[PDB]
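Worksheet: the structure to be examined is printed underneath.
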Amino acid sequence: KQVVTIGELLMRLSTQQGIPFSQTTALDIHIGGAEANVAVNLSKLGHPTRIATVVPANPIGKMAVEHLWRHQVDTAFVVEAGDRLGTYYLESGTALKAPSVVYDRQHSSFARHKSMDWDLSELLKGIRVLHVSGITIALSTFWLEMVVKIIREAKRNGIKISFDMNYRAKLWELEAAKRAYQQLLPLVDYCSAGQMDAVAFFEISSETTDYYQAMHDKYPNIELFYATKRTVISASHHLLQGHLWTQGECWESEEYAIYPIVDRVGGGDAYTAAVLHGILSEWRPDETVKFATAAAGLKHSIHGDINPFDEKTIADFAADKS
Amino acid sequence: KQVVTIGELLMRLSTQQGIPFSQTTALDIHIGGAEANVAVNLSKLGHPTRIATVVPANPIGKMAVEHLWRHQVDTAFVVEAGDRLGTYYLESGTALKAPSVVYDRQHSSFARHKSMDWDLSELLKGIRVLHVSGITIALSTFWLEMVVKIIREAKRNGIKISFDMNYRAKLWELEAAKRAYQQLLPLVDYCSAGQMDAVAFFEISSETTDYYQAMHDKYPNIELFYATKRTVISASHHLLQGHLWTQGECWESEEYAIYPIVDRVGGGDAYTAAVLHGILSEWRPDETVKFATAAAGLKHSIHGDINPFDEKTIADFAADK
Amino acid sequence: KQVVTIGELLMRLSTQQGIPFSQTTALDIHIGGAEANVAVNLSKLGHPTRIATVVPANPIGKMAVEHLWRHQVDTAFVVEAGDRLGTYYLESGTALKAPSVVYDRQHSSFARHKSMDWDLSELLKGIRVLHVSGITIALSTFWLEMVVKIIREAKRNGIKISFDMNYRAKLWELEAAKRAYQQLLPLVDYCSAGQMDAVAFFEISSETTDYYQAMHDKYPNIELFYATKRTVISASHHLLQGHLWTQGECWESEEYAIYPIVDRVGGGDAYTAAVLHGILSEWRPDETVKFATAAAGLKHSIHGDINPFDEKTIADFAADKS
Amino acid sequence: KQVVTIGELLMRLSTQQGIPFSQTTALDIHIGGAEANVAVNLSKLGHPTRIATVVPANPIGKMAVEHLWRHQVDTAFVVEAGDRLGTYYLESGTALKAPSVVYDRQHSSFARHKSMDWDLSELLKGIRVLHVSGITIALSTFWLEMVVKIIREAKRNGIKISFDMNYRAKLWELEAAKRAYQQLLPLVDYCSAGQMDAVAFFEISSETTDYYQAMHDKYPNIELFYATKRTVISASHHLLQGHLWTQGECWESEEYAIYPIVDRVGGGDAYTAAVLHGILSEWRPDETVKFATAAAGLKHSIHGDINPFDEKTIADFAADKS
Amino acid sequence: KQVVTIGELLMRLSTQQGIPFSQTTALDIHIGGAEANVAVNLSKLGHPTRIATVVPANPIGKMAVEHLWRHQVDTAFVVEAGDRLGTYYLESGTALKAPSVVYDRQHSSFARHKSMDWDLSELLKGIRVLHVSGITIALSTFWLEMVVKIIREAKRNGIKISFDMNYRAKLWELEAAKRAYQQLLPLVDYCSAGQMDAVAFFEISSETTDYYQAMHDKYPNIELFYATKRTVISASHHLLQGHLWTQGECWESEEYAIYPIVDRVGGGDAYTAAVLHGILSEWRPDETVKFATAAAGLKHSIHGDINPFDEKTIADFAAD
Amino acid sequence: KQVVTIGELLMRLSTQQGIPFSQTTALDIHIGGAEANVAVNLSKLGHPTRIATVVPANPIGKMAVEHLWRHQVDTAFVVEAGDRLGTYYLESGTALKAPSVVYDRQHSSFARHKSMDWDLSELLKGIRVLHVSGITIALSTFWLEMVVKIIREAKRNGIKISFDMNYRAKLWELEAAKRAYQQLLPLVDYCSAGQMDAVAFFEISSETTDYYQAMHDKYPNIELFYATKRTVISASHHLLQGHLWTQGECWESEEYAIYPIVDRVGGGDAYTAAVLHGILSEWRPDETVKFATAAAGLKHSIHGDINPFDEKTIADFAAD
Ligand SMILES: [Cl-]
Ligand SMILES: [Cl-]
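Chains as they are written, first to last, in PDB author numbering: chain D, 2 to 323; chain B, 2 to 322; chain E, 2 to 323; chain C, 2 to 323; chain A, 2 to 321; chain F, 2 to 321.
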């Protein structure tokens, strides 16, 4: 089954372990972006994927396109426009010192794009699932409205809608995010959202124990919720457990202890891609949460945004756990 | 003798020798900017310098400021504002393949700045020379008009004005630049301008042999012109010779053959700083052009934007070859 | 215009400049191979390409496959078989000291392969040119035989044949190579071959000034020959000039001086790809040889096997010299 | 408020993780020195600092000076003389293998210096605290007596005295050290001393649980002691807890678990500088000890000798652990 | 006391921490091999060592030889032949991700060797201990029979036989290996072998508790058994404890917690060499097991196959 | 034929190309020293060599020793003593910018040595040639006198004396040097010296054209002189030609243009070892000067102090 996604690619520029911005003489490059990571990760698990996106017509934009080709993501729907690819700087963290990020994504070709450049019948042909996150819709009114527009056209073709809340304080205030999420949520089939999202965006009280049930109660259209519970002990030591709620039941993976941590970035996108894989493969929910959590766990040992492992490697690891 | 400059600092991100953008997995970092480079270079030669500039209040902007501290450039007139430090990417060149650049300087804190945040009584106190380049005035109407205002105030106080043409095609059209240069040129004392500048912006004829003389006729206020003549044989082999015109005569250094080339970036800025150093030390024109060309030559052997050598090292090389 | 090729992919393991094997602590990796480099270089110039080849079903085989995806070479006709990817070690050379190689390509999946795993009608569907080199047919009788079949099949379909003599002493002795070449030569349209080839394989006396006219006389079928004239001054200083002969006239490029030299490997494949490009573009001879020599010259400035430049970048450089 | 310090700068030359001296092909460089590190760290926190020190008038000595500039420590009192900058080699440690050091600091300019080249009225002008360590006074009888002469001039002018025991087996015998310490301690206001110090140098029975109270009885002039309690589990796993004793009370921070460890070097200097910052800002004991332990903890995540964090970053971290 | 060994050297090509094969642009080089590592590690502890082995006459073969010179192993019995040095690729593991290997050792000079190029009275001259492992004998029948001949001759001379089982499933079948081990075990004095070995090759039921006693009973010729008990929590966290059995008593070290892990490769070879060192120095069994476990644990902190520490350093750590 | 040398090993710490001291964050390590380089280079050409030297008993001293083991130089005559290994820093040079050096060799274990810790009969056993340079004798009166003492014992045993003037202004003034050279020269068989040496230390006038003949006249015991003529165009472009004088003739190699230059350090030592190799192999002078000049030329392409090429590789290059 084929999947389409919508999202911005960024170049991440990272310091080496133990080196602060103020002492760095070189930066490691990684191409990534929430939705693009999900496309790459899905393609790793055998799903043909495609992404509607925008890059500048320069060598840096071309690196982003090359990243897609390398991981076999269809680039037919990459549009060339604007003046720059967005970037961010990441200062490595270890032990007591948390990673630190400086964004430089504003004014990017994507963020500034205001032109309807996609033939929807074409973008959506043969597609089973459409995936997008709250990062994209936060970038601008044009993007919020474009995404809704595309969601609706997809729903009319019976395409399933996957939505990753992915709230980023750095991108918008809780109230604006909330207004926007309330326009998307009634249109979603599969939703990545956790307890914090429940309280901030679903009017759920911090008090309620079964928040997934109350989230479904508010938006009965949502068949399935998925997220990880992360316990941050330090920048080098997390506990990680997958949750997947559907049909009135929460299914949980085993809890993994991850230490040390090579690179947590994209850990969430690995999880998301792995859940969608299980759904598309029509697995039982226990099988899906177990596989997806193993995938996200393994991603933490790999520098860069995307998860390099094939399905067999992930499955084998999930089976050793039990 | 103190020198003040005005300009934007950029972070350069470079590939390693022989590696194209498409295969690079890491980029080397260097902080620089034409006027900032001149400031640093002058500091290395014993001149207290300061710079009026703008950076974001984030760790990346802090990197630019720390670069100034490291090289003993006064930072009291650095202004924090905006959301980003401008950058550019540089793909290494060697042999037949020229270096290649991709700018990402737009929307920088400096470029977007529209606020008069400099106390001029303070900025210009104790100052002997003010230096600025054509890159700064190409960025916006505000910077063009801001530099003009500081210039006029500067002259009022008997401060000498050093102006580096530094036309960049990727910043503006010849016509726009021409109009702007026409506002600055009448205010300049020491001008870094070459043969293509004379044709381009001085309305000088292409045929004319004594361009410096004719440029001076056009703007009699300009006491001295300085440039290098670069012969580009390959990305790894240049010939370099310094020119310095004043009082009706061109003075020229010996011609250096530079090969291979480690990093030509900031080579012009090393020249510019070394010329200014000579003027400030009241050297003769022959001593100055000689010293400055040696400085520029040595810079080509050093990765990054600034010239690491002290006067003695530069002078010993110049007197050597 | 599509091109298909046949050839082995190797992993090159290279020392850094000034570091001999005996002092090296790390080796840089590059994937490459004469035909694959031509494929990749043609793709860089806008020609859809595909390649018939063999790699093991392991992570190292996979790296060769990923190399192809990265550069948009079709991999549908990559076959997975055998036990190892061929490799070779390269010790960098500078100034008086020449580069030095230790091959480790024996027993590669490609070299060992004895199975007819290609559907010829699929492989040649929509193909305007078939390219292959002396390396491939030297590897075994199976490969010589396979190349012959495929050419005869291509020839019947109106497909042009491109052939790189690419004689390698390490792979076979003159006598064997010559008998092999004598089967292919009457079937070639475009031929990369130089004076040593003429003397070695075209039966031409070394006393003949115009060897190209004589080689053409031996084989009136070959519509053009191409090659570079390399003057080795040192490991860091070469002169390079392109030749292209067709219809009774040798056309020459300017002679470039190349110093220093970053990486000469694949310079010949850059030249080949560029010449084929000019042919498929139906350019004039003087334009082609000018373009292709610039391409090959620029390639010397880039680590690894393939030429990273686009057409406009090469053509801009070619037009600067004169 | 302004601080003066006295001490030698060293160039540290470090192997990479997991690489022993016998296999290293490059060494990473860091400039440091107990007192110099304290100066840099104070300056990070807003305190103008200056340092009386000696370096050779050569490019290596210059690196030491440029390190001071970069971190805005006043260099007006750096004296150029002698033949060499002291160095030491540090072999990385991880897990069971402890870091290993080899000093190459004898015969340095600082070590051999015998000249009184500092105008004291200028050196002590506008100063509130003078800081020095047992490292400096161990280097020579000249430095021992020079530090004594300065502290005495300082004390006349109403300046507080900060002393860091910092006993080094490598530098001297306990008894000689003991005798030197007996000259300094009666003269100190703020002492960095642990229980090891208490037993070895303050003649406090190792039975004694409240060693600070006994140390105070011995030296009633000492207003407050400070130190970290370090529990070494391995070279990659330490527990760290700050202690600060003043007017009859010991005040503790939370105990931090640090793992892995990036670079413990200079962690004590980060603690020392943080404590002094708190003393200078007139914070309460519990504030200072909490802030300083956090500063020291974070330093462990950074390669090199100095702490790169600003006050807000440190304060925010400290506030999160509560 | 001098030690001789027999074994193949391989070049290991490794990715850096956190980098998969698919993204690596360079590979770090390490020379090693089970028996070659034991030889180097013994030399580190003051024992003159030598190794019977085969490398190609090319620059890569030469790297293997210079590795031996660097570490003062005698190379008089290195033979040059064949076409290639065997290699393998190692993809780093950290935390949940286990390291992974791709072997490229087949058709190696050592593997394809069929020529008896060693003067045995010279190779064994002045030697106190002969060491070899299950890796060598698995490579070819030629090597199996070569090793047997050499053990036979070594025994006539009063030379002690050290054997490391080192079963590698990739090299041969359980049944094929069982039959080789049966010809060797009756000839062994010091044996590196664990509970899995006891069940797989000594025909002991997985039931028996005191497996070493049962192993001794099967082969009363074996004076000492040694092995580590390793508990893998993750790729970055192992527990490690040494065992040494002799005269009907097992002797155990303290259990070490190792984390993170820099490079576990050659950890067992470090253990083997240190045990042999203790035996040759005539230490008590408790000193030996404690010393060798310390040695093995420290090796985990060092990139590469060999243990760079001297006796004093290892001994100081064991005592602290 | 075996060779003994006497000299100090230094650790060289270098910046990478285009990086000045002021911006470097790491330094590359190379072990070397004029005489130690000669010993290593001779070993590469098949001669068993040994070196009398001193290093500290610490891990840095050990790196110097491991360097010798790796290149098969005998270390039985390395003595451990004192507090530090000498070092120097080298700032890379390219094109117009010459490399720049800062020495940190004073107070080294070797520099400060004052104890006769060598059994001369053992040091010289089996030796055909003894080599030393003006660097060693300049370090202290102890080393000057110790070098003479060893030379004399060597001559009593028919050993040939190879001396490399190698005057270094950093180490001593011309007068003191000349004094010392005047004790050594009457004892030398093979001498590395050029025209500047002739004027400076042989008291030849800068008028004489045939300076070697005049130098021989003064010291007829000197069978042959050898040196390179270097023309420095830039830090990345040198011309190099070898000279070799014997039996009243100067033999010159072809002239090599070297560009770019990877690392000139040890270039002279490569020349010296290759010349000695030719002498020991009893080659004709034209064969020797051609081979040695090629050796020295190839060295310029290799990072570090020592020449990695074998004889066949150098000979093949010379023949082109
Ligand atoms: Cl770690
Ligand atoms: Cl170069």
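Think of the CB as a built atom: it goes at the ideal place given N, C-alpha and C, for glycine as much as any other residue.
Check: residue i C-beta below 6 Å from any heavy atom of ligand 1
i, result
"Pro-309/C", "no"
"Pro-100/C", "no"
Contact with chain A by residue i, beta-carbon distance below 7 Å
i, result
"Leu-91/C", "no"
"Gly-298/D", "yes"
"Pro-309/D", "yes"
Below-7 Å beta-carbon distance, residue i vs any chain C residue
i, result
"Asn-42/F", "no"
"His-304/A", "yes"
"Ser-15/D", "no"
Any chain D beta carbon closer than 7 Å to residue i
i, result
"residue 1/E", "Since the first and last residues shown for chain E are 2 and 323, residue 1/E lies out of range."
Beta-carbon proximity check, residue i vs residue j, cutoff 7 Å
i, j, result
"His-108/A", "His-108/E", "yes"
"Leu-14/C", "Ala-37/C", "no"
"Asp-84/A", "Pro-57/A", "yes"
"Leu-240/B", "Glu-253/B", "no"
"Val-263/A", "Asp-306/A", "no"
"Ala-194/D", "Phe-226/D", "yes"
"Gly-135/A", "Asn-158/A", "no"
DSSP bridge partner residues for residue i (one or two, in chain order)
i, result
"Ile-7/E", "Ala-53/E"
"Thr-273/A", "None; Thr-273/A has no bridge partner."
"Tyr-257/C", "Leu-241/C"
"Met-12/F", "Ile-32/F and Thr-88/F"
Minimum Cβ-Cβ distance from residue i to chain B less than 7 Å
i, result
"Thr-137/D", "no"
C-beta neighbour in chain E for residue i, strict 7 Å
i, result
"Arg-85/A", "yes"
Requested in this report: Name, going along the chain, the residues of the stretch 261–279 of chain D whose beta-carbon falls closer than 9 Å to a beta-carbon of chain C.
Outcome: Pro-261
Report task. Note down, in chain order, all residues in the stretch 45–73 of chain C with a beta-carbon under 7 Å from any beta-carbon belonging to chain B. Result -> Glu-67, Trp-70, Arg-71 and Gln-73
Query raised in the report: Mind listing which residues of the stretch 234–260 of chain F have their C-beta closer than 7 Å to chain E's C-betas, in chain order?
Result: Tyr-257, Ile-259 and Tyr-260
Requested in this report: Go through the residues and name those whose CB comes closer than 6 Å to any heavy atom of ligand 4, in chain order.
Outcome: By its list of ligands, the structure shown excludes ligand 4, since it contains just ligand 1 and ligand 2.
Query raised in the report: Of the residues that make up the stretch 27–40 of chain A, which ones have a beta carbon closer than 8 Å to any beta carbon in chain E?
Result: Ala-27, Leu-28, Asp-29 and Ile-30
Query raised in the report: For the stretch 92–112 of chain F, which residues have a CB atom closer than 7 Å to at least one CB atom of chain E, in sequence order?
Result: none
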